[PDB]
$ cat start_10.txt   # compact mmCIF, C-alpha atoms and all ligand atoms
# COMPACT_ATOMS: atom_id res chain seq x y z
CA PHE A 1 -22.65 -36.37 30.28
CA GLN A 2 -21.00 -33.00 30.87
CA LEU A 3 -21.79 -30.55 33.67
CA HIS A 4 -23.25 -27.34 32.27
CA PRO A 5 -20.72 -24.44 32.23
CA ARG A 6 -22.92 -22.23 34.41
CA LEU A 7 -23.28 -24.85 37.14
CA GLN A 8 -19.53 -25.48 36.95
CA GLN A 9 -18.74 -21.78 37.33
CA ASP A 10 -21.17 -21.29 40.22
CA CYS A 11 -20.29 -24.40 42.19
CA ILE A 12 -17.69 -26.70 43.64
CA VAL A 13 -18.18 -30.32 42.65
CA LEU A 14 -18.28 -32.22 45.93
CA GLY A 15 -18.44 -35.62 44.30
CA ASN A 16 -20.72 -38.19 42.66
CA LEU A 17 -23.57 -40.23 44.08
CA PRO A 18 -24.63 -43.25 41.97
CA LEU A 19 -26.91 -41.12 39.79
CA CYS A 20 -26.43 -37.48 40.74
CA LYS A 21 -23.35 -35.30 40.83
CA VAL A 22 -23.44 -33.23 44.04
CA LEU A 23 -22.50 -29.56 43.94
CA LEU A 24 -22.03 -26.78 46.49
CA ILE A 25 -23.08 -23.26 45.48
CA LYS A 26 -20.18 -20.89 46.19
CA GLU A 27 -22.44 -18.11 47.48
CA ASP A 28 -22.28 -17.56 51.24
CA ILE A 29 -25.78 -18.80 52.06
CA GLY A 30 -27.30 -22.16 52.91
CA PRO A 31 -25.50 -24.55 52.57
CA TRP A 32 -27.02 -24.56 49.09
CA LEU A 33 -26.42 -27.89 47.36
CA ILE A 34 -27.44 -29.04 43.89
CA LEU A 35 -27.99 -32.55 42.58
CA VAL A 36 -27.46 -33.10 38.86
CA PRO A 37 -28.57 -36.47 37.42
CA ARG A 38 -25.76 -37.58 35.11
CA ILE A 39 -28.02 -38.16 32.12
CA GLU A 40 -27.47 -36.29 28.85
CA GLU A 41 -29.99 -33.69 27.64
CA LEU A 42 -32.39 -33.95 30.59
CA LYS A 43 -34.94 -31.14 31.03
CA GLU A 44 -37.66 -32.28 33.45
CA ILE A 45 -37.72 -34.74 36.36
CA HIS A 46 -40.59 -36.65 34.78
CA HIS A 47 -38.48 -37.10 31.65
CA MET A 48 -36.33 -39.54 33.64
CA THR A 49 -37.56 -43.14 33.68
CA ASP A 50 -39.59 -44.14 36.74
CA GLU A 51 -36.61 -46.12 38.01
CA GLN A 52 -34.20 -43.21 37.54
CA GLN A 53 -36.70 -41.07 39.45
CA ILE A 54 -36.65 -43.57 42.31
CA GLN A 55 -32.84 -43.45 42.57
CA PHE A 56 -33.02 -39.66 42.38
CA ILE A 57 -35.48 -39.29 45.25
CA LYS A 58 -33.40 -41.68 47.37
CA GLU A 59 -30.32 -39.52 46.78
CA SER A 60 -32.35 -36.33 47.29
CA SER A 61 -33.64 -37.50 50.68
CA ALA A 62 -30.19 -38.70 51.76
CA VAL A 63 -28.74 -35.26 51.03
CA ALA A 64 -31.69 -33.52 52.72
CA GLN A 65 -31.19 -35.57 55.89
CA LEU A 66 -27.50 -34.64 55.72
CA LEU A 67 -28.41 -30.94 55.71
CA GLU A 68 -30.73 -31.53 58.66
CA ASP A 69 -28.13 -33.43 60.68
CA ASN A 70 -25.30 -30.94 60.20
CA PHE A 71 -26.80 -27.47 59.95
CA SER A 72 -30.06 -27.73 61.90
CA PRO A 73 -31.92 -25.48 59.43
CA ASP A 74 -35.27 -23.94 60.30
CA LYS A 75 -36.48 -25.40 57.01
CA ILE A 76 -35.14 -27.13 53.93
CA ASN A 77 -36.13 -26.01 50.43
CA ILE A 78 -35.97 -28.24 47.38
CA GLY A 79 -36.55 -26.97 43.88
CA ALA A 80 -36.21 -27.85 40.23
CA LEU A 81 -36.67 -24.74 38.09
CA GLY A 82 -34.23 -24.61 35.19
CA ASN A 83 -35.78 -21.68 33.35
CA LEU A 84 -32.35 -20.42 32.20
CA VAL A 85 -29.92 -23.34 32.60
CA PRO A 86 -31.39 -26.27 30.59
CA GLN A 87 -29.50 -29.07 32.36
CA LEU A 88 -31.77 -30.66 34.97
CA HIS A 89 -30.53 -29.82 38.46
CA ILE A 90 -32.30 -29.92 41.79
CA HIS A 91 -31.57 -27.37 44.52
CA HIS A 92 -31.40 -28.55 48.14
CA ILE A 93 -31.06 -25.56 50.47
CA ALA A 94 -30.80 -25.17 54.24
CA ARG A 95 -32.93 -22.15 55.21
CA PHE A 96 -32.92 -19.97 58.33
CA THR A 97 -35.28 -17.27 59.61
CA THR A 98 -32.17 -15.10 59.65
CA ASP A 99 -31.01 -15.52 56.05
CA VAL A 100 -31.25 -12.64 53.58
CA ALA A 101 -34.13 -14.16 51.59
CA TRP A 102 -36.35 -15.45 54.39
CA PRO A 103 -39.22 -16.18 54.17
CA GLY A 104 -39.23 -15.93 50.37
CA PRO A 105 -37.31 -18.10 47.88
CA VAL A 106 -33.53 -17.84 47.68
CA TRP A 107 -33.58 -17.72 43.89
CA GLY A 108 -33.07 -14.16 42.71
CA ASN A 109 -33.02 -12.83 46.28
CA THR A 110 -29.39 -13.23 47.38
CA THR A 111 -26.72 -10.60 48.03
CA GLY A 112 -24.24 -12.32 45.75
CA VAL A 113 -21.60 -12.44 48.48
CA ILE A 114 -19.12 -15.30 48.11
CA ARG A 115 -18.05 -17.57 50.97
CA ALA A 116 -14.58 -16.84 52.40
CA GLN A 117 -11.74 -19.13 51.29
CA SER A 118 -11.05 -20.66 54.71
CA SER A 119 -14.79 -21.12 55.28
CA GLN A 120 -15.31 -22.65 51.83
CA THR A 121 -12.52 -25.19 52.29
CA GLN A 122 -13.76 -26.21 55.75
CA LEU A 123 -17.34 -26.65 54.55
CA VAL A 124 -16.31 -28.65 51.49
CA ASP A 125 -14.20 -31.01 53.60
CA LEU A 126 -17.03 -31.55 56.08
CA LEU A 127 -19.59 -32.05 53.31
CA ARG A 128 -17.37 -34.58 51.53
CA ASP A 129 -16.89 -36.45 54.80
CA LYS A 130 -20.63 -36.61 55.49
CA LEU A 131 -21.45 -37.46 51.87
CA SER A 132 -18.98 -40.33 52.12
CA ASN A 133 -21.30 -41.86 54.72
CA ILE A 134 -23.96 -42.13 52.01
CA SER A 135 -23.92 -45.37 50.02
CA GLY A 136 -22.25 -45.07 46.63
CA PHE A 137 -20.64 -41.66 47.10
CA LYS A 138 -17.30 -41.13 45.34
CA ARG A 139 -15.20 -37.98 45.64
CA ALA B 1 -55.76 -37.79 61.24
CA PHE B 2 -54.44 -35.78 58.31
CA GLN B 3 -56.16 -32.45 57.67
CA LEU B 4 -55.27 -29.97 54.93
CA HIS B 5 -53.57 -26.92 56.45
CA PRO B 6 -55.97 -23.96 56.63
CA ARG B 7 -53.70 -21.70 54.57
CA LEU B 8 -53.58 -24.17 51.67
CA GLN B 9 -57.36 -24.65 51.92
CA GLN B 10 -57.86 -20.90 51.65
CA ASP B 11 -55.46 -20.31 48.75
CA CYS B 12 -56.55 -23.30 46.67
CA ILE B 13 -59.36 -25.32 45.18
CA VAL B 14 -59.24 -29.02 46.02
CA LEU B 15 -59.30 -31.00 42.78
CA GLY B 16 -59.22 -34.49 44.24
CA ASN B 17 -57.14 -37.21 45.85
CA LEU B 18 -54.44 -39.33 44.27
CA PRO B 19 -53.63 -42.43 46.37
CA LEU B 20 -51.13 -40.46 48.46
CA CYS B 21 -51.37 -36.79 47.51
CA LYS B 22 -54.31 -34.44 47.60
CA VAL B 23 -54.15 -32.34 44.42
CA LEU B 24 -54.84 -28.60 44.67
CA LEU B 25 -55.12 -25.67 42.28
CA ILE B 26 -53.75 -22.31 43.43
CA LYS B 27 -56.46 -19.68 42.82
CA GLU B 28 -54.01 -17.10 41.50
CA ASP B 29 -54.22 -16.32 37.79
CA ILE B 30 -50.86 -17.78 36.78
CA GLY B 31 -49.64 -21.24 35.86
CA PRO B 32 -51.58 -23.51 36.11
CA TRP B 33 -50.05 -23.76 39.57
CA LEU B 34 -50.86 -27.05 41.28
CA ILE B 35 -49.86 -28.33 44.71
CA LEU B 36 -49.56 -31.94 45.86
CA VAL B 37 -50.05 -32.60 49.55
CA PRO B 38 -49.18 -36.08 50.88
CA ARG B 39 -52.12 -37.01 53.13
CA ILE B 40 -49.98 -38.17 56.04
CA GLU B 41 -49.39 -36.30 59.29
CA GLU B 42 -46.05 -35.19 60.73
CA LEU B 43 -44.59 -34.30 57.33
CA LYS B 44 -42.60 -31.11 56.79
CA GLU B 45 -39.99 -32.46 54.37
CA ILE B 46 -39.99 -35.06 51.60
CA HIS B 47 -37.39 -37.19 53.41
CA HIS B 48 -39.83 -37.47 56.33
CA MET B 49 -41.86 -39.95 54.27
CA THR B 50 -40.91 -43.63 54.23
CA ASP B 51 -39.00 -44.93 51.21
CA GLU B 52 -42.20 -46.51 49.86
CA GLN B 53 -44.12 -43.27 50.33
CA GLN B 54 -41.37 -41.31 48.58
CA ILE B 55 -41.59 -43.63 45.59
CA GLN B 56 -45.37 -43.22 45.44
CA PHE B 57 -44.88 -39.46 45.72
CA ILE B 58 -42.41 -39.12 42.88
CA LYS B 59 -44.68 -41.22 40.65
CA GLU B 60 -47.64 -38.96 41.44
CA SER B 61 -45.49 -35.84 40.98
CA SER B 62 -44.36 -36.99 37.55
CA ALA B 63 -47.87 -38.01 36.48
CA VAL B 64 -49.11 -34.54 37.41
CA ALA B 65 -46.13 -32.88 35.70
CA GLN B 66 -46.82 -34.90 32.55
CA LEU B 67 -50.46 -33.77 32.73
CA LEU B 68 -49.31 -30.14 32.87
CA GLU B 69 -46.99 -30.71 29.91
CA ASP B 70 -49.64 -32.44 27.81
CA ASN B 71 -52.49 -30.02 28.51
CA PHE B 72 -50.79 -26.63 28.75
CA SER B 73 -47.52 -27.15 26.85
CA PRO B 74 -45.55 -24.83 29.16
CA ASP B 75 -42.13 -23.50 28.22
CA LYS B 76 -40.87 -25.09 31.44
CA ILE B 77 -42.22 -26.80 34.54
CA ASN B 78 -41.08 -25.80 38.02
CA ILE B 79 -41.34 -28.04 41.06
CA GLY B 80 -40.68 -26.94 44.61
CA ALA B 81 -41.04 -27.98 48.22
CA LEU B 82 -40.49 -24.80 50.24
CA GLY B 83 -42.95 -24.31 53.10
CA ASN B 84 -41.13 -21.61 55.04
CA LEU B 85 -44.46 -20.27 56.35
CA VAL B 86 -46.66 -23.37 56.03
CA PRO B 87 -45.11 -26.39 57.85
CA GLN B 88 -47.37 -28.99 56.21
CA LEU B 89 -45.35 -30.67 53.45
CA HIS B 90 -46.71 -29.60 50.05
CA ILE B 91 -45.06 -29.68 46.63
CA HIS B 92 -45.62 -26.98 44.01
CA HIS B 93 -45.98 -28.03 40.36
CA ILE B 94 -46.12 -24.96 38.12
CA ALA B 95 -46.49 -24.52 34.37
CA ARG B 96 -44.18 -21.65 33.34
CA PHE B 97 -44.28 -19.45 30.24
CA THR B 98 -41.74 -16.96 28.89
CA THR B 99 -44.57 -14.43 28.97
CA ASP B 100 -45.69 -14.92 32.57
CA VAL B 101 -45.12 -12.06 35.02
CA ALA B 102 -42.31 -13.80 36.90
CA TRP B 103 -40.24 -15.26 34.04
CA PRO B 104 -37.41 -16.15 34.20
CA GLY B 105 -37.32 -15.96 37.99
CA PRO B 106 -39.35 -18.05 40.47
CA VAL B 107 -43.10 -17.55 40.78
CA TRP B 108 -43.01 -17.49 44.58
CA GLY B 109 -43.18 -13.94 45.89
CA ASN B 110 -43.21 -12.53 42.36
CA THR B 111 -46.90 -12.51 41.36
CA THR B 112 -49.47 -9.71 41.24
CA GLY B 113 -51.67 -11.63 43.67
CA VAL B 114 -54.64 -11.38 41.32
CA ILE B 115 -56.98 -14.37 41.33
CA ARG B 116 -58.01 -16.15 38.15
CA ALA B 117 -61.21 -14.99 36.48
CA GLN B 118 -64.31 -16.64 37.96
CA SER B 119 -65.47 -18.19 34.67
CA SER B 120 -61.89 -19.15 33.89
CA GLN B 121 -61.53 -20.80 37.30
CA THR B 122 -64.57 -23.06 36.91
CA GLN B 123 -63.47 -24.04 33.41
CA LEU B 124 -59.92 -24.86 34.48
CA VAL B 125 -61.02 -26.76 37.59
CA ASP B 126 -63.44 -28.89 35.55
CA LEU B 127 -60.82 -29.55 32.88
CA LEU B 128 -58.23 -30.50 35.51
CA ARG B 129 -60.54 -32.88 37.38
CA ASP B 130 -61.31 -34.68 34.11
CA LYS B 131 -57.65 -34.96 33.09
CA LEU B 132 -56.49 -35.95 36.58
CA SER B 133 -59.06 -38.74 36.43
CA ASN B 134 -56.94 -40.41 33.75
CA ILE B 135 -54.20 -40.94 36.36
CA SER B 136 -54.30 -44.25 38.22
CA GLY B 137 -55.98 -43.94 41.60
CA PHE B 138 -57.23 -40.38 41.20
CA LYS B 139 -60.55 -39.69 42.89
CA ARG B 140 -62.15 -36.35 42.15
CA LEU B 141 -63.58 -34.21 44.96
CA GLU B 142 -66.11 -31.56 43.92
CA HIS B 143 -67.20 -30.36 47.36
NA NA C 201 -29.93 -20.02 54.36
NA NA C 202 -23.99 -22.56 49.46
NA NA C 203 -34.22 -47.45 40.69
NA NA C 204 -35.90 -35.37 49.42
NA NA C 205 -33.24 -26.10 38.78
NA NA C 206 -33.53 -27.94 36.41
NA NA C 207 -29.28 -33.52 34.49
NA NA C 208 -35.57 -21.19 48.10
NA NA C 209 -47.14 -19.40 34.24
NA NA C 210 -52.96 -21.57 39.27
NA NA C 211 -36.58 -33.75 51.81
NA NA C 212 -41.91 -34.85 38.53
NA NA C 213 -43.87 -25.99 49.71
NA NA C 214 -44.25 -22.69 50.11
NA NA C 215 -43.57 -27.94 51.97
NA NA C 216 -48.13 -33.32 53.99
NA NA C 217 -41.72 -14.52 25.33
NA NA C 218 -41.39 -21.06 40.37
NA NA C 219 -49.82 -12.60 38.88

$ encode --input "start_10.txt" --output "structure tokens"
Amino acid sequence: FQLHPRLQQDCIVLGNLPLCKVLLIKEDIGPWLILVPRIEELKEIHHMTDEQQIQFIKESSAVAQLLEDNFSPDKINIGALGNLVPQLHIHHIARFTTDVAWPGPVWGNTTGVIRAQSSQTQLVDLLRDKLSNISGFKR
Amino acid sequence: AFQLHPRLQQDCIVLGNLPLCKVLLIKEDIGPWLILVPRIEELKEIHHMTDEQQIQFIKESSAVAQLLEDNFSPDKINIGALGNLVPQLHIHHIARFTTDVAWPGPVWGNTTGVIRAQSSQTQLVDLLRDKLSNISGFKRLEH
């Protein structure tokens, strides 16, 4: 397995859960996290075996609860699109009635602004700490 | 107990019930765009369901996604649980094509709003109910 170049360029790799690599989108919105099952040439969720899907949803829900516990979002959005980047990746985004894309989807509706260095470092450290409380996480 | 949210009822045609999720067809002329709605109250997010319910959900989601792949051969399938305006947990399953009006961006908020042709709607609904019936536990609803 190898993380797709586009996901690597757009994110900070927070660490690895048993199945999915966990990424943080660098854009100043969210937090916007992405789970990437470490399985080669994967296009659709249903292409994973039923058992891989089970581990995926467990990790997905653990990360979603993490977003709920730390950022008290008005709503959480989860999505698997992959129209351009072929490598299966699932977005997990904290949404607010005040964000630039509300109430529509974040995809294709952001300002493109990047999170400040000090802010990025602080968020990454907190996220890694909270992810470490999830079984199997490795930074 | 559980009751389909009025907005989803208005925007869709109920195809039937899988053991956990009600299966709906968005009336808009794009997709096919289906929506799965776990028939359990108090749900706004997937992680709100119990572990057992989540497992049943992902199995139903994949069975429906496989149905979309096998019957419409889309260029890509998109799945999403958004619900910024409709609190009731519902998961979008959409067949995407390089030629659809929203490609390569998301469908949400990027359609023309036009509803599928009447004759086309009846044909698609009937086809979907028949194909969904091949999935374990699916019970068609024609009301
Ligand atoms: Na946000
Ligand atoms: Na982010
Ligand atoms: Na498993
Ligand atoms: Na989840
Ligand atoms: Na995706
Ligand atoms: Na993807
Ligand atoms: Na993947
Ligand atoms: Na979104
Ligand atoms: Na489409
Ligand atoms: Na549709
Ligand atoms: Na969730
Ligand atoms: Na699926
Ligand atoms: Na939704
Ligand atoms: Na929605
Ligand atoms: Na929802
Ligand atoms: Na629901
Ligand atoms: Na094309
Ligand atoms: Na979409
Ligand atoms: Na349209």

$ interface_residues --input "start_10.txt" --of "chain A" --to "chain B" --cutoff "7 Å" --atoms "all atoms listed in the file" --output "list in words"
residues 46, 53, 54, 61, 64, 65, 75, 76, 77, 78, 79, 80, 81, 83, 84, 103, 104, 105, 107 and 108 of chain A

$ residues_around --input "start_10.txt" --residues "region 17-31 of chain A" --least-positions-apart "5" --cutoff "6 Å" --atoms "all atoms listed in the file" --output "short mmCIF file (atom, residue, chain, number, x, y, z; two decimals) with C-alpha atoms, in the coordinates of the input"
data_model
loop_
_atom_site.label_atom_id
_atom_site.label_comp_id
_atom_site.auth_asym_id
_atom_site.auth_seq_id
_atom_site.Cartn_x
_atom_site.Cartn_y
_atom_site.Cartn_z
CA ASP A 10 -21.17 -21.29 40.22
CA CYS A 11 -20.29 -24.40 42.19
CA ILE A 12 -17.69 -26.70 43.64
CA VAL A 36 -27.46 -33.10 38.86
CA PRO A 37 -28.57 -36.47 37.42
CA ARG A 38 -25.76 -37.58 35.11
CA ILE A 93 -31.06 -25.56 50.47
CA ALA A 94 -30.80 -25.17 54.24
CA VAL A 113 -21.60 -12.44 48.48
CA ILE A 114 -19.12 -15.30 48.11
CA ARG A 115 -18.05 -17.57 50.97
CA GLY A 136 -22.25 -45.07 46.63
CA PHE A 137 -20.64 -41.66 47.10
#

$ closest_residue --input "start_10.txt" --among "B:135, B:117, B:37, B:68" --to "residue 14 (chain B)" --atoms "all atoms listed in the file"
B:37

$ atom_distance --input "start_10.txt" --atom1 "CA of residue 71 (chain B)" --atom2 "CA of residue 41 (chain A)"
22.8 Å

$ atom_distance --input "start_10.txt" --atom1 "CA of residue 56 (chain A)" --atom2 "CA of residue 33 (chain A)"
14.4 Å

$ atom_distance --input "start_10.txt" --atom1 "CA of residue 95 (chain A)" --atom2 "CA of residue 89 (chain B)"
15.2 Å

$ residues_near_ligand --input "start_10.txt" --ligand "ligand NA 206 (chain C)" --cutoff "7 Å" --atoms "all atoms listed in the file" --output "JSON, numbers by chain"
{"A": [43, 44, 80, 81, 82, 85, 86, 87, 88, 89, 90]}

$ build_atoms --input "start_10.txt" --residues "region 70-91 of chain B" --atoms "N, CA and C atoms" --output "short mmCIF file (atom, residue, chain, number, x, y, z; two decimals), keeping the file's coordinate frame"
data_model
loop_
_atom_site.label_atom_id
_atom_site.label_comp_id
_atom_site.auth_asym_id
_atom_site.auth_seq_id
_atom_site.Cartn_x
_atom_site.Cartn_y
_atom_site.Cartn_z
N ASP B 70 -48.73 -32.06 28.88
CA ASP B 70 -49.64 -32.44 27.81
C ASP B 70 -50.83 -31.51 27.59
N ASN B 71 -51.33 -30.89 28.65
CA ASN B 71 -52.49 -30.02 28.51
C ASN B 71 -52.24 -28.52 28.38
N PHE B 72 -51.07 -28.06 28.81
CA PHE B 72 -50.79 -26.63 28.75
C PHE B 72 -49.52 -26.29 27.98
N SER B 73 -48.76 -27.32 27.60
CA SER B 73 -47.52 -27.15 26.85
C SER B 73 -46.70 -25.95 27.32
N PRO B 74 -46.34 -25.94 28.61
CA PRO B 74 -45.55 -24.83 29.16
C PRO B 74 -44.13 -24.79 28.60
N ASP B 75 -43.49 -23.63 28.70
CA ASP B 75 -42.13 -23.50 28.22
C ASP B 75 -41.21 -24.25 29.18
N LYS B 76 -41.64 -24.38 30.43
CA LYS B 76 -40.87 -25.09 31.44
C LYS B 76 -41.76 -25.37 32.64
N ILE B 77 -41.47 -26.46 33.34
CA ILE B 77 -42.22 -26.80 34.54
C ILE B 77 -41.29 -26.57 35.72
N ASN B 78 -41.84 -26.05 36.80
CA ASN B 78 -41.08 -25.80 38.02
C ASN B 78 -41.71 -26.59 39.15
N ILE B 79 -40.87 -27.25 39.93
CA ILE B 79 -41.34 -28.04 41.06
C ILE B 79 -40.60 -27.58 42.30
N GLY B 80 -41.33 -27.38 43.39
CA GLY B 80 -40.68 -26.94 44.61
C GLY B 80 -41.37 -27.28 45.90
N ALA B 81 -40.56 -27.67 46.88
CA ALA B 81 -41.04 -27.98 48.22
C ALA B 81 -40.33 -26.95 49.08
N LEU B 82 -41.05 -25.89 49.44
CA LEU B 82 -40.49 -24.80 50.24
C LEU B 82 -41.08 -24.84 51.65
N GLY B 83 -42.28 -24.29 51.81
CA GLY B 83 -42.95 -24.31 53.10
C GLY B 83 -42.33 -23.54 54.25
N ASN B 84 -41.74 -22.39 53.97
CA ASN B 84 -41.13 -21.61 55.04
C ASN B 84 -42.17 -21.04 56.01
N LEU B 85 -43.38 -20.81 55.52
CA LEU B 85 -44.46 -20.27 56.35
C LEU B 85 -45.51 -21.32 56.71
N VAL B 86 -45.69 -22.30 55.82
CA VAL B 86 -46.66 -23.37 56.03
C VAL B 86 -45.90 -24.68 56.23
N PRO B 87 -45.81 -25.16 57.49
CA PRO B 87 -45.11 -26.39 57.85
C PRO B 87 -45.56 -27.68 57.16
N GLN B 88 -46.85 -27.79 56.86
CA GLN B 88 -47.37 -28.99 56.21
C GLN B 88 -46.73 -29.21 54.85
N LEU B 89 -46.03 -30.33 54.70
CA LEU B 89 -45.35 -30.67 53.45
C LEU B 89 -46.29 -30.57 52.25
N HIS B 90 -45.92 -29.74 51.27
CA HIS B 90 -46.71 -29.60 50.05
C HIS B 90 -45.73 -29.29 48.93
N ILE B 91 -45.96 -29.87 47.76
CA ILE B 91 -45.06 -29.68 46.63
C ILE B 91 -45.69 -28.96 45.44
#
